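Contents: one structure, followed by commentary.
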Amino acid sequence: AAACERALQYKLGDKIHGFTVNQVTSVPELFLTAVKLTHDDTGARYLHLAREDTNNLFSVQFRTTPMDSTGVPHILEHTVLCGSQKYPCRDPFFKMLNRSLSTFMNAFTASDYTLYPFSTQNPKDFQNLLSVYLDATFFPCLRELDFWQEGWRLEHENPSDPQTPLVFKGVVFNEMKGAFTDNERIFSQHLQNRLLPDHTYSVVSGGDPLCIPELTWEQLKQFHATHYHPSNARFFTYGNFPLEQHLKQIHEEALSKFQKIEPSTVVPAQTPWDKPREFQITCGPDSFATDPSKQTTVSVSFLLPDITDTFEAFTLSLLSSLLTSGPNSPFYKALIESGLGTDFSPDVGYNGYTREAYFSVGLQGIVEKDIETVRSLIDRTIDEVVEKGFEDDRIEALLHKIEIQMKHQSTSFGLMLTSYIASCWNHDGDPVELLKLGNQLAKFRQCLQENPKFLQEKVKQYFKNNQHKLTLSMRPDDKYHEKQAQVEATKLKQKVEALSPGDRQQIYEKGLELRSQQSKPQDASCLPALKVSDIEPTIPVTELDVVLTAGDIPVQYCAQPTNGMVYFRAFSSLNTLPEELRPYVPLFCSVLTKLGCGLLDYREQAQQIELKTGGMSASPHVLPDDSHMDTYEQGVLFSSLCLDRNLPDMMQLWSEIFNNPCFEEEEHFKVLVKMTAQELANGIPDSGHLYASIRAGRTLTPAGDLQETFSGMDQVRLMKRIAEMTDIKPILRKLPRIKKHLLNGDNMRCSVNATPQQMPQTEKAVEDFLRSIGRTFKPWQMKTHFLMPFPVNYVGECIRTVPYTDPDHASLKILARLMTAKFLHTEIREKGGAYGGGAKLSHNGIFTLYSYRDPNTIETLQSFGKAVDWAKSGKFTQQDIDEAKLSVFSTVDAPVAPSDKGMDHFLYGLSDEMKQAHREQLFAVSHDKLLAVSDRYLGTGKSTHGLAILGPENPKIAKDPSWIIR
């Protein structure tokens, strides 16, 4: 009756739709069964992980082994998503993003493989997305104009004026420009290049700016015909859907149209060095130090065995985590607390992306004079690890951490599985051996029980005696990017001089046809699609029970199949907290479980956390009310996880954190604050649109102001200011004040998620813990410019709308997603050239516009104004409304993990009745309701606007007096 039982019914040797069952293994620790199939005619390998989880995932992988630095697989992956023969419309990927019930749809290109995963919950939608992906990847129209627009071409700055000089344009070309500007990408790539100089790892697989114009259309088509062939493919699917439908679809749509080829693409082993080497490279300056110039990164890297031999790789990965993870690691105590640098080097720890894995350690942010000092420190630490070894508790903490990662229930499990086996599988390894994790743990425990100094011989063998050592240093030079610009401009002029006038008219005509291709809106009615009748009308009700306990704390127990885990959450309000101490709350949450408690130092505290729990964290959350725009609850979410047996120890740890935290251990706190300030400064580009919307939305509601205080740019700038203070002690005195105002039971509620079989013991442990512990805003417009040293812009525009429970909210949500799908995508992305841009409506009632890597500023806001004029014009059909409803119901019905079912009632206090009411309000949205709501809220002068800009200097913005400059 179940799916996994029938998946265990697959017998060896059965022929199923051209596939042959080669191997069947039950993985009881993961509640999934691995099955290995091979297609007889093509030789494509198939691995299916059948597990009773409705979020089904498919992925297909192609082995791309480049032999030059042209970047052909990255551009080929970009171009293959631009159109196919059966679906000639442009970009099936984004078009199916609004015609499906998927939760994830993307693609990745590593150094030596390309990966196309998606996940969805509807079997007909699975058929839909699998058919579009098969036809897009295996049968694209390989039009020459797609290769000139996305890749490389010579083009005038204005394509209609034939007298201006020629320059390079292209998506991948400027992606590699932006990759080359990234110092970490130079460091990682050159590290791989110098350590592996023999074969494909010695080149820039994403594309070398000096080697990119050597790529021809003929080479692109030949590479596609040779490498995007199903014999060079590995298909992977995960979940509970019947396999027969998948196999039948694969055979009837794709595999029959090809014939067998044999890829001559196996990567040979890197030849071992006889002697260690040193290299010096250069990168681009940053704003850290001029005269001192501490922006010097150094690393020491060691070659490790292959990922094929699974056991030795698993052992060395655990060893690298013992060496680098946490303040109890040798390298942390030797390097981080040495005060010579700022953070670990990039690619620190075990890096298994290449064929031969490699270990790396070092620091960034050091003075260049200390390079030999660092190298001697690394050698001396290897000597000390050989002489002293590891304590048994840290080994137990690591084995408990890896086991807790095995049993944990996430919502994106299949994506983690395909990313975890892609690298090993790419080099012809057996992916099933990475799945049999229990056996590796058992053999690990036995191999430690037989030889107590085994790991000392491992560290000696692979670190002190490893002759394939590389010490690589980087120092910045003032004359670097102009040298690169000189040589690139020289390649440009040498390529331009040999061109005839007939070639220039060919460029002129190709440019005008490319502009027409980029301008004309095309039709996508050839794609198959679902309808609103396929969306479930009602959701299954989630059962809860709230128990007031000891003597007024409400405690929510949710019986769920959590697989032997207890997930504890607590939310304590901050309404009594003084307003001056508000901005230091996130810092408190980030350091509370890292400073020591009672008789435990920070080393022992971190050891106890890794030994008993799977991680204990605190993060501030602002939960808006659903019936008043000017009502919100502010508080801190304490979250933890443990196995069922370590629960009383976990609650003993929690009681010790709540009753005697050590806010006096100052040195590790200084280390952590400089590390988090560095981490937040490093993370600005990837979440720039989030920071732009959050600053843009500060001025509409008090909840926005509190979100600005907890997670806006003010928090990063303040954290940097605190990290620049030389005396941290008066800042450290503020933490007992947060302990005294927040750690009590006056305004508290808690949650427990566990198995029902475990529930009474959890109720006992929690009641013991609870008995053991102590006891009118008017929005106003704001325009803001953050001067950032970025090459692209990030702008945000916010409009104030209705909250969740208003019937107009569902219609506004449909309208926002509609505008994103049918206006903003074409206007900002295709015309403008930005990587991301759209419209969103948040749960509190903020209609927010955003831009991600946008080259323009004024034209983007003008496109926003034309989008609102488009919405008032009403120029959309009922099928577009069905498409927007499909996308919204694809978003709200995203799968929730057992650890958060139901979390939404615990946080926001929305019952299933409110969700059913809003779901039927999304059902009732009509065309005239969309025009009415567009003239009621989005129109000009009806609500207050807010503006914010992240980006470089722009003089035209600076001469506007209505902007405030930051």
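Labeling convention for the structure tokens: chains A, B, ... as they appear, residues from 1 per chain, ligands from 1 in order of appearance.
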Q.
as a list in words, please: the residues near region 167-175 of chain A (cut-off 9 Å, only C-alpha atoms, same-chain neighbours under 6 positions excluded).
A. residues 71, 74, 75, 78, 148, 149, 150, 151, 152, 153, 154, 155, 156, 157, 206, 207, 208, 209, 212, 489, 492 and 833 of chain A
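The residue set within 10 Å of region 955-959 of chain A, counting only C-alpha atoms and dropping same-chain residues fewer than 3 places from it, reads residues 785, 857, 858, 949, 952, 962, 963, 964 and 965 of chain A.
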Can those selected residues be exported to a file as a short mmCIF file (atom, residue, chain, number, x, y, z; two decimals), in the first residue's frame so that it contains C-alpha atoms?
```cif
data_model
loop_
_atom_site.label_atom_id
_atom_site.label_comp_id
_atom_site.auth_asym_id
_atom_site.auth_seq_id
_atom_site.Cartn_x
_atom_site.Cartn_y
_atom_site.Cartn_z
CA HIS A 785 21.16 56.67 -1.30
CA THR A 857 18.59 53.71 -11.66
CA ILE A 858 16.12 56.25 -13.05
CA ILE A 949 19.40 52.93 -3.33
CA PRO A 952 28.05 53.40 -6.85
CA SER A 962 14.51 65.19 -2.50
CA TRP A 963 17.08 62.45 -1.77
CA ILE A 964 18.93 61.91 1.50
CA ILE A 965 22.51 60.70 1.04
#
```
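Proximity to residue 183 (chain A) was assessed for A:80, A:647, A:680, A:281 counting only C-alpha atoms; the smallest distance is recorded for A:281.
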Q: Would you list the contacts of region 716-722 of chain A as a list in words, taking every protein, DNA or RNA residue within 9 Å and counting only C-alpha atoms, but skipping same-chain residues closer than 5 positions in sequence?
A: residues 583, 584, 587, 673, 674, 676, 677, 678, 680, 681, 711, 728 and 731 of chain A
Residues near residue 34 (chain A), anyone? I mean within 6 Å using only C-alpha atoms, not counting same-chain ones fewer than 6 positions away, as a PDB file with N, CA, C and O atoms, in the first residue's frame.
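And here is the file that came out, result-v2.pdb:
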```pdb
ATOM      1  N   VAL A  24      19.718  -2.887  -5.820  1.00  0.00           N
ATOM      2  CA  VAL A  24      18.695  -2.412  -4.896  1.00  0.00           C
ATOM      3  C   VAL A  24      19.220  -2.514  -3.464  1.00  0.00           C
ATOM      4  O   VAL A  24      19.715  -3.568  -3.040  1.00  0.00           O
ATOM      5  N   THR A  25      19.259  -1.376  -2.773  1.00  0.00           N
ATOM      6  CA  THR A  25      19.761  -1.297  -1.407  1.00  0.00           C
ATOM      7  C   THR A  25      18.760  -0.538  -0.556  1.00  0.00           C
ATOM      8  O   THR A  25      18.277   0.523  -0.961  1.00  0.00           O
ATOM      9  N   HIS A  48      17.529   6.341  -8.295  1.00  0.00           N
ATOM     10  CA  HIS A  48      16.321   6.862  -7.674  1.00  0.00           C
ATOM     11  C   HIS A  48      16.321   6.599  -6.179  1.00  0.00           C
ATOM     12  O   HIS A  48      16.550   5.466  -5.745  1.00  0.00           O
ATOM     13  N   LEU A  49      16.068   7.642  -5.400  1.00  0.00           N
ATOM     14  CA  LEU A  49      15.907   7.522  -3.956  1.00  0.00           C
ATOM     15  C   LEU A  49      14.422   7.659  -3.646  1.00  0.00           C
ATOM     16  O   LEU A  49      13.883   8.768  -3.633  1.00  0.00           O
TER      17      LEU A  49
END
```
